[PDB]
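Dropping my_file39.pdb in here (PDB, C-alpha atoms):
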MODEL        1
ATOM      1  CA  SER X 129      11.075  43.168   5.191
ATOM      2  CA  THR X 130      10.948  39.337   4.847
ATOM      3  CA  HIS X 131      14.022  37.077   5.305
ATOM      4  CA  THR X 132      13.704  33.626   3.666
ATOM      5  CA  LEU X 133      15.532  30.376   4.635
ATOM      6  CA  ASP X 134      15.950  27.820   1.807
ATOM      7  CA  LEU X 135      17.254  24.271   2.415
ATOM      8  CA  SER X 136      15.110  22.837  -0.446
ATOM      9  CA  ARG X 137      18.182  21.989  -2.627
ATOM     10  CA  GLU X 138      18.576  18.638  -0.741
ATOM     11  CA  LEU X 139      14.985  17.479  -1.680
ATOM     12  CA  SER X 140      16.156  15.712  -4.921
ATOM     13  CA  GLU X 141      18.326  13.198  -2.980
ATOM     14  CA  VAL X 142      16.051  13.351   0.153
ATOM     15  CA  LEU X 143      13.192  11.796  -1.893
ATOM     16  CA  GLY X 144      15.665   9.504  -3.700
ATOM     17  CA  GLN X 145      16.903   8.089  -0.347
ATOM     18  CA  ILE X 146      13.250   7.325   0.668
ATOM     19  CA  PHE X 147      13.069   4.913  -2.318
ATOM     20  CA  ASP X 148      16.614   3.522  -1.612
ATOM     21  CA  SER X 149      15.634   2.531   1.987
ATOM     22  CA  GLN X 150      12.631   0.432   0.706
ATOM     23  CA  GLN X 151      10.884   0.971   4.107
ATOM     24  CA  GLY X 152       7.333   2.165   4.836
ATOM     25  CA  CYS X 153       6.105   1.148   1.348
ATOM     26  CA  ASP X 154       2.400   0.937   0.383
ATOM     27  CA  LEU X 155       2.813  -0.405  -3.207
ATOM     28  CA  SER X 156       4.529  -3.579  -4.505
ATOM     29  CA  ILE X 157       6.356  -3.505  -7.876
ATOM     30  CA  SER X 158       7.253  -6.939  -9.402
ATOM     31  CA  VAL X 159       9.683  -7.082 -12.349
ATOM     32  CA  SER X 160       8.814 -10.135 -14.509
ATOM     33  CA  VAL X 161      11.678 -10.954 -16.918
ATOM     34  CA  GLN X 162      11.481 -13.891 -19.442
ATOM     35  CA  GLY X 163       8.257 -15.110 -17.704
ATOM     36  CA  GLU X 164       9.519 -15.600 -14.104
ATOM     37  CA  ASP X 165       9.606 -12.773 -11.473
ATOM     38  CA  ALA X 166      13.272 -11.690 -11.723
ATOM     39  CA  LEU X 167      13.355  -8.562  -9.474
ATOM     40  CA  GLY X 168      11.217  -6.862  -6.834
ATOM     41  CA  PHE X 169      10.743  -3.266  -5.601
ATOM     42  CA  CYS X 170       8.311  -1.198  -3.476
ATOM     43  CA  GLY X 171       6.764   2.274  -3.777
ATOM     44  CA  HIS X 172       5.250   5.100  -1.708
ATOM     45  CA  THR X 173       1.853   6.215  -3.190
ATOM     46  CA  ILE X 174       2.056   9.665  -1.428
ATOM     47  CA  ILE X 175       5.285  10.595  -3.332
ATOM     48  CA  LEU X 176       4.321   8.759  -6.602
ATOM     49  CA  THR X 177       0.801  10.357  -6.957
ATOM     50  CA  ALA X 178       2.468  13.835  -6.716
ATOM     51  CA  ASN X 179       4.500  13.149  -9.919
ATOM     52  CA  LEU X 180       2.765  13.092 -13.345
ATOM     53  CA  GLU X 181       5.729  10.963 -14.670
ATOM     54  CA  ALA X 182       4.731   8.128 -12.271
ATOM     55  CA  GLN X 183       1.121   8.068 -13.724
ATOM     56  CA  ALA X 184       1.388   4.259 -14.326
ATOM     57  CA  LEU X 185       2.106   3.781 -10.597
ATOM     58  CA  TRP X 186      -0.960   5.894  -9.523
ATOM     59  CA  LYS X 187      -2.703   2.986  -7.696
ATOM     60  CA  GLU X 188      -4.570   2.276  -4.393
ATOM     61  CA  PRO X 189      -2.354   1.914  -1.247
ATOM     62  CA  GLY X 190      -1.591  -1.818  -1.000
ATOM     63  CA  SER X 191      -1.892  -2.629  -4.753
ATOM     64  CA  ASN X 192       0.492  -4.997  -6.619
ATOM     65  CA  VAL X 193       1.866  -3.529  -9.897
ATOM     66  CA  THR X 194       3.585  -5.880 -12.405
ATOM     67  CA  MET X 195       6.336  -4.399 -14.608
ATOM     68  CA  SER X 196       7.296  -6.472 -17.672
ATOM     69  CA  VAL X 197      10.691  -5.349 -19.016
ATOM     70  CA  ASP X 198      13.203  -6.682 -21.627
ATOM     71  CA  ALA X 199      16.170  -8.756 -20.292
ATOM     72  CA  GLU X 200      18.496  -5.984 -21.610
ATOM     73  CA  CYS X 201      16.628  -3.286 -19.591
ATOM     74  CA  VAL X 202      16.849  -5.071 -16.162
ATOM     75  CA  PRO X 203      19.798  -2.897 -14.788
ATOM     76  CA  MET X 204      18.065   0.390 -15.850
ATOM     77  CA  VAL X 205      14.792  -0.301 -13.880
ATOM     78  CA  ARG X 206      16.181   0.810 -10.420
ATOM     79  CA  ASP X 207      17.276   4.221 -11.803
ATOM     80  CA  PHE X 208      13.945   4.621 -13.714
ATOM     81  CA  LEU X 209      11.820   4.069 -10.557
ATOM     82  CA  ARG X 210      14.167   6.358  -8.528
ATOM     83  CA  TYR X 211      13.607   9.085 -11.211
ATOM     84  CA  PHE X 212       9.937   9.311 -10.026
ATOM     85  CA  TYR X 213      11.215  10.252  -6.531
ATOM     86  CA  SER X 214      14.444  12.261  -7.226
ATOM     87  CA  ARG X 215      13.091  13.915 -10.472
ATOM     88  CA  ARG X 216      16.693  13.650 -11.779
ATOM     89  CA  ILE X 217      18.259  11.031 -14.114
ATOM     90  CA  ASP X 218      21.729  10.569 -15.736
ATOM     91  CA  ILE X 219      21.471   8.975 -19.235
ATOM     92  CA  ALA X 220      24.421   7.462 -21.156
ATOM     93  CA  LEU X 221      24.714   6.164 -24.798
ATOM     94  CA  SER X 222      24.173   2.521 -23.649
ATOM     95  CA  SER X 223      21.011   3.310 -21.565
ATOM     96  CA  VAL X 224      19.152   5.835 -23.889
ATOM     97  CA  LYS X 225      17.734   2.835 -25.875
ATOM     98  CA  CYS X 226      16.390   1.066 -22.738
ATOM     99  CA  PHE X 227      15.172   4.229 -20.920
ATOM    100  CA  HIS X 228      13.083   5.181 -24.019
ATOM    101  CA  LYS X 229      11.442   1.693 -23.913
ATOM    102  CA  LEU X 230      10.557   2.111 -20.178
ATOM    103  CA  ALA X 231       9.266   5.724 -20.498
ATOM    104  CA  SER X 232       7.025   4.801 -23.507
ATOM    105  CA  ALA X 233       5.546   1.725 -21.774
ATOM    106  CA  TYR X 234       5.039   3.385 -18.334
ATOM    107  CA  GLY X 235       3.836   6.924 -19.273
ATOM    108  CA  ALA X 236       6.972   8.908 -18.362
ATOM    109  CA  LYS X 237       6.309  11.470 -21.180
ATOM    110  CA  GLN X 238       9.069  13.963 -20.080
ATOM    111  CA  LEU X 239      11.728  11.176 -20.050
ATOM    112  CA  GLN X 240      10.400   9.753 -23.392
ATOM    113  CA  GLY X 241      10.744  13.199 -25.023
ATOM    114  CA  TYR X 242      14.284  13.646 -23.637
ATOM    115  CA  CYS X 243      15.504  10.181 -24.815
ATOM    116  CA  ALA X 244      14.038  10.767 -28.337
ATOM    117  CA  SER X 245      15.991  14.069 -28.688
ATOM    118  CA  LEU X 246      19.252  12.262 -27.663
ATOM    119  CA  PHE X 247      19.274  10.158 -30.916
TER     120      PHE X 247
ATOM    121  CA  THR U 127      30.929   6.352 -20.624
ATOM    122  CA  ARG U 128      32.548   9.633 -21.866
ATOM    123  CA  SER U 129      29.155  11.377 -22.415
ATOM    124  CA  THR U 130      26.363  11.685 -19.779
ATOM    125  CA  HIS U 131      23.094  13.605 -20.378
ATOM    126  CA  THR U 132      21.218  14.651 -17.195
ATOM    127  CA  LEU U 133      17.487  15.605 -16.938
ATOM    128  CA  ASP U 134      16.499  17.626 -13.815
ATOM    129  CA  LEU U 135      12.869  18.507 -12.891
ATOM    130  CA  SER U 136      13.658  18.547  -9.119
ATOM    131  CA  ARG U 137      13.089  22.362  -8.828
ATOM    132  CA  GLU U 138       9.310  21.776  -8.257
ATOM    133  CA  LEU U 139       9.936  19.518  -5.152
ATOM    134  CA  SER U 140       9.889  22.397  -2.580
ATOM    135  CA  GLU U 141       6.232  23.283  -3.304
ATOM    136  CA  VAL U 142       5.338  19.670  -4.361
ATOM    137  CA  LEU U 143       6.023  18.494  -0.765
ATOM    138  CA  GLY U 144       4.469  21.684   0.660
ATOM    139  CA  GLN U 145       1.187  21.021  -1.211
ATOM    140  CA  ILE U 146       1.069  17.457   0.269
ATOM    141  CA  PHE U 147       0.822  19.058   3.755
ATOM    142  CA  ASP U 148      -1.664  21.758   2.528
ATOM    143  CA  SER U 149      -4.128  19.081   1.235
ATOM    144  CA  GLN U 150      -4.248  17.354   4.709
ATOM    145  CA  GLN U 151      -5.168  14.038   2.953
ATOM    146  CA  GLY U 152      -3.581  10.591   3.309
ATOM    147  CA  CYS U 153      -2.154  11.437   6.764
ATOM    148  CA  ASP U 154      -0.727   8.799   9.148
ATOM    149  CA  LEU U 155      -0.006  11.094  12.165
ATOM    150  CA  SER U 156      -2.310  13.410  14.176
ATOM    151  CA  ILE U 157      -0.805  16.682  15.440
ATOM    152  CA  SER U 158      -2.860  18.315  18.267
ATOM    153  CA  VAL U 159      -1.765  21.898  19.059
ATOM    154  CA  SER U 160      -2.602  22.706  22.733
ATOM    155  CA  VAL U 161      -2.486  26.265  24.128
ATOM    156  CA  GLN U 162      -2.663  26.747  27.953
ATOM    157  CA  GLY U 163      -3.905  23.157  28.407
ATOM    158  CA  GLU U 164      -6.956  23.022  26.093
ATOM    159  CA  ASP U 165      -6.712  22.061  22.380
ATOM    160  CA  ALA U 166      -6.674  25.155  20.134
ATOM    161  CA  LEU U 167      -5.921  23.901  16.566
ATOM    162  CA  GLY U 168      -5.425  20.555  14.794
ATOM    163  CA  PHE U 169      -3.204  19.279  11.953
ATOM    164  CA  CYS U 170      -2.028  15.984  10.372
ATOM    165  CA  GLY U 171       1.323  14.641   9.160
ATOM    166  CA  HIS U 172       2.895  12.123   6.751
ATOM    167  CA  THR U 173       5.544   9.989   8.581
ATOM    168  CA  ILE U 174       7.327   9.052   5.276
ATOM    169  CA  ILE U 175       8.169  12.744   4.536
ATOM    170  CA  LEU U 176       8.700  13.757   8.237
ATOM    171  CA  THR U 177      11.164  10.889   9.119
ATOM    172  CA  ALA U 178      13.360  11.986   6.144
ATOM    173  CA  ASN U 179      13.912  15.447   7.742
ATOM    174  CA  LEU U 180      16.188  15.846  10.815
ATOM    175  CA  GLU U 181      14.349  19.147  11.624
ATOM    176  CA  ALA U 182      11.087  17.176  12.176
ATOM    177  CA  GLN U 183      12.879  14.899  14.796
ATOM    178  CA  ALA U 184      10.093  15.662  17.335
ATOM    179  CA  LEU U 185       7.495  14.259  14.847
ATOM    180  CA  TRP U 186       9.483  10.997  14.247
ATOM    181  CA  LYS U 187       6.699   8.662  15.497
ATOM    182  CA  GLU U 188       4.930   5.361  14.543
ATOM    183  CA  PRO U 189       2.301   5.581  11.721
ATOM    184  CA  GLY U 190      -1.012   6.267  13.492
ATOM    185  CA  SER U 191       0.455   8.023  16.588
ATOM    186  CA  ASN U 192      -1.079  11.158  18.205
ATOM    187  CA  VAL U 193       1.487  13.953  18.826
ATOM    188  CA  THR U 194       0.723  16.910  21.150
ATOM    189  CA  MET U 195       2.387  20.329  20.618
ATOM    190  CA  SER U 196       2.263  22.805  23.557
ATOM    191  CA  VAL U 197       2.840  26.320  22.128
ATOM    192  CA  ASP U 198       2.453  29.939  23.374
ATOM    193  CA  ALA U 199      -0.772  31.882  22.601
ATOM    194  CA  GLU U 200       1.359  34.470  20.696
ATOM    195  CA  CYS U 201       2.938  31.712  18.485
ATOM    196  CA  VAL U 202      -0.421  30.228  17.261
ATOM    197  CA  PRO U 203      -0.285  31.894  13.715
ATOM    198  CA  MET U 204       3.334  30.621  13.229
ATOM    199  CA  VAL U 205       2.332  26.910  13.791
ATOM    200  CA  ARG U 206       1.081  26.229  10.195
ATOM    201  CA  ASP U 207       4.246  27.679   8.526
ATOM    202  CA  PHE U 208       6.535  25.846  11.029
ATOM    203  CA  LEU U 209       4.953  22.430  10.218
ATOM    204  CA  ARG U 210       4.989  23.201   6.429
ATOM    205  CA  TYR U 211       8.747  23.999   6.767
ATOM    206  CA  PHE U 212       9.339  20.264   7.549
ATOM    207  CA  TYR U 213       7.856  19.417   4.100
ATOM    208  CA  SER U 214       8.889  22.378   1.842
ATOM    209  CA  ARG U 215      12.322  22.907   3.567
ATOM    210  CA  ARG U 216      11.742  26.668   2.932
ATOM    211  CA  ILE U 217      10.347  29.376   5.315
ATOM    212  CA  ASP U 218       9.615  33.158   5.073
ATOM    213  CA  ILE U 219      10.406  34.901   8.410
ATOM    214  CA  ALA U 220       9.471  38.520   9.365
ATOM    215  CA  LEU U 221      10.499  40.861  12.280
ATOM    216  CA  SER U 222       7.256  40.055  14.210
ATOM    217  CA  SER U 223       7.601  36.248  13.789
ATOM    218  CA  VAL U 224      11.415  35.757  14.326
ATOM    219  CA  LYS U 225      10.760  35.794  18.154
ATOM    220  CA  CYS U 226       8.078  33.045  17.860
ATOM    221  CA  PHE U 227       9.894  30.930  15.207
ATOM    222  CA  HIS U 228      12.974  30.748  17.508
ATOM    223  CA  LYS U 229      10.749  29.513  20.422
ATOM    224  CA  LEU U 230       9.241  26.739  18.207
ATOM    225  CA  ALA U 231      12.613  25.578  16.755
ATOM    226  CA  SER U 232      14.286  25.428  20.224
ATOM    227  CA  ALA U 233      11.388  23.436  21.776
ATOM    228  CA  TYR U 234      10.907  20.981  18.840
ATOM    229  CA  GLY U 235      14.516  20.237  17.724
ATOM    230  CA  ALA U 236      14.585  22.298  14.483
ATOM    231  CA  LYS U 237      18.330  23.153  14.886
ATOM    232  CA  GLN U 238      18.774  24.678  11.358
ATOM    233  CA  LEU U 239      15.785  27.052  11.889
ATOM    234  CA  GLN U 240      16.982  27.889  15.464
ATOM    235  CA  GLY U 241      20.431  28.844  14.089
ATOM    236  CA  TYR U 242      18.887  30.984  11.311
ATOM    237  CA  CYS U 243      16.528  32.891  13.690
ATOM    238  CA  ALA U 244      19.407  33.592  16.162
ATOM    239  CA  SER U 245      21.561  35.143  13.351
ATOM    240  CA  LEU U 246      18.594  37.309  12.215
ATOM    241  CA  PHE U 247      18.332  39.500  15.305
ATOM    242  CA  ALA U 248      21.968  40.649  14.933
ATOM    243  CA  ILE U 249      20.415  42.381  11.814
ATOM    244  CA  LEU U 250      17.056  43.312  13.456
ATOM    245  CA  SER U 251      18.611  44.676  16.742
ATOM    246  CA  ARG U 252      17.555  48.176  15.485
ATOM    247  CA  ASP U 253      14.012  49.561  14.720
ATOM    248  CA  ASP U 254      13.871  49.513  10.823
TER     249      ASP U 254
ENDMDL
END
Now, as a test, write the supplied structure out as structure tokens.
Amino acid sequence: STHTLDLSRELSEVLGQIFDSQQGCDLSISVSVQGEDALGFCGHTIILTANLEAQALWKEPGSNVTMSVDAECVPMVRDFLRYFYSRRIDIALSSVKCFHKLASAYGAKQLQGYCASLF
Amino acid sequence: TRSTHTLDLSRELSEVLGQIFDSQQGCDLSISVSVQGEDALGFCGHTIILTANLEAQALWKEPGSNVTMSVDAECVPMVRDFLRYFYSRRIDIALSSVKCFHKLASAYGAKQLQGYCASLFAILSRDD
């Protein structure tokens, strides 16, 4: 007889909130838009290296990664990076075009396959 | 705005986080398990994962810190599964371990585990 306790349902948002806080980072993500560095974010190598979707972000702790995105796709970058942590993403008609561009350019094969089927 | 398509691959996360602890690589916390004074067994933690869990409140320390855990000689085999529970957020408890797992949770602020173990003996009050 073995009685199991499971509180693992929270883990999707638990990991998502680690990215939201932007504290204890060991990776710097710069978002260059129209030449100049428009936005900035940070990552946690320990969480990122565990996900095959975040293969583009599999770098040495302390490395600076430069993300070049279209001016149209600037609001969809935060959700895209959070998807590597949370492993959950909500896609609408207006964002399926931009999310497919990001997944193709940054090796998020599962997301790329999902966006392609939504057309 | 009327149609939203959601992708969810978050089911893996219980074991994904559990395997991070299993590997014992890329640690930024040293956990020394002492039994009757002298050091018996050693482990390592990841502050980023541990600080996210309220159960691991005892392990909420600066990256690089050395944490000492003073446990009973009987509760030594339950130490590895107790620390993994902070990562995986899942634990398998038996009749022989429910006594030890309640001692660990009470002494190291794992309130959810302490509450679960206490409710279990109302069921295990009998032999089998």
Show me, as a list in words, every residue of chain X with an atom at most 6 Å from chain U, counting only C-alpha atoms. residues 130, 131, 132, 133, 134, 135, 136, 140, 215, 216, 217, 218, 219 and 220 of chain X
Please expand the PyMOL selection byres ((chain X and resi 146) around 10) into the concrete residues it hits in this file, giving the result as a ChimeraX atom specification. /X:141-145,147-153,171-172,175,210,213-214 /U:174-175,177-178
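The nearest approach to residue X:183 among the residues X:231, X:155, X:201, X:236, with only C-alpha atoms taken into account, belongs to X:236.
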Distance criterion (all atoms listed in the file): nearest to residue U:183 out of U:250, U:167, U:209, U:161: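 The closest residue to residue U:183 is U:209.
With distances restricted to all atoms listed in the file, X:233 is the closest residue to residue X:185 from X:202, X:233, X:226, X:166.
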When the PyMOL selection byres ((chain U and resi 170) around 9) is applied to the structure above, which residues does it catch, written out as a list in words? residues 147, 150, 151, 153, 154, 155, 156, 157, 158, 168, 169, 171 and 172 of chain U
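Atom CA of residue U:225 is found 11.9 Å from atom CA of residue U:251.
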In Å, with one decimal, what is the gap from atom CA of residue U:210 to atom CA of residue X:212?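 These two atoms are separated by 22.1 Å.
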Need to verify the contact set: residue X:156, 12 Å, all atoms listed in the file, exclusion of same-chain residues closer than 2 positions in sequence. Can you return it as number ranges by chain? X: 150-154, 158-159, 167-173, 185, 187-195
Closest to residue U:253 among U:222, U:208, U:227, U:200, using all atoms listed in the file?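 Smallest distance to residue U:253 is found for U:222.
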Enter the distance from atom CA of residue U:193 to atom CA of residue X:186, in Å, rounded to one decimal.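 According to the coordinates, atom CA of residue U:193 and atom CA of residue X:186 are separated by 29.6 Å.
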Contacts of residue X:161 at 7 Å or less, counting all atoms listed in the file, minus same-chain residues fewer than 2 places along, as a ChimeraX atom specification? /X:159,163-166,196-199
Export of prior selection with C-alpha atoms as a PDB file, keeping the file's coordinate frame:
ATOM      1  CA  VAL X 159       9.683  -7.082 -12.349  1.00  0.00           C
ATOM      2  CA  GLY X 163       8.257 -15.110 -17.704  1.00  0.00           C
ATOM      3  CA  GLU X 164       9.519 -15.600 -14.104  1.00  0.00           C
ATOM      4  CA  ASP X 165       9.606 -12.773 -11.473  1.00  0.00           C
ATOM      5  CA  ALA X 166      13.272 -11.690 -11.723  1.00  0.00           C
ATOM      6  CA  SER X 196       7.296  -6.472 -17.672  1.00  0.00           C
ATOM      7  CA  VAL X 197      10.691  -5.349 -19.016  1.00  0.00           C
ATOM      8  CA  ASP X 198      13.203  -6.682 -21.627  1.00  0.00           C
ATOM      9  CA  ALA X 199      16.170  -8.756 -20.292  1.00  0.00           C
TER      10      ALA X 199
END
The residue from X:243, X:205, X:139, X:174 with the smallest atom-to-atom distance to residue X:160, counting all atoms listed in the file, is X:205
With the PyMOL selection byres ((chain X and resi 237) around 12) as the selection, what would be picked from this file? Answer as number ranges by chain, please. X: 179-184, 212, 227-236, 238-244
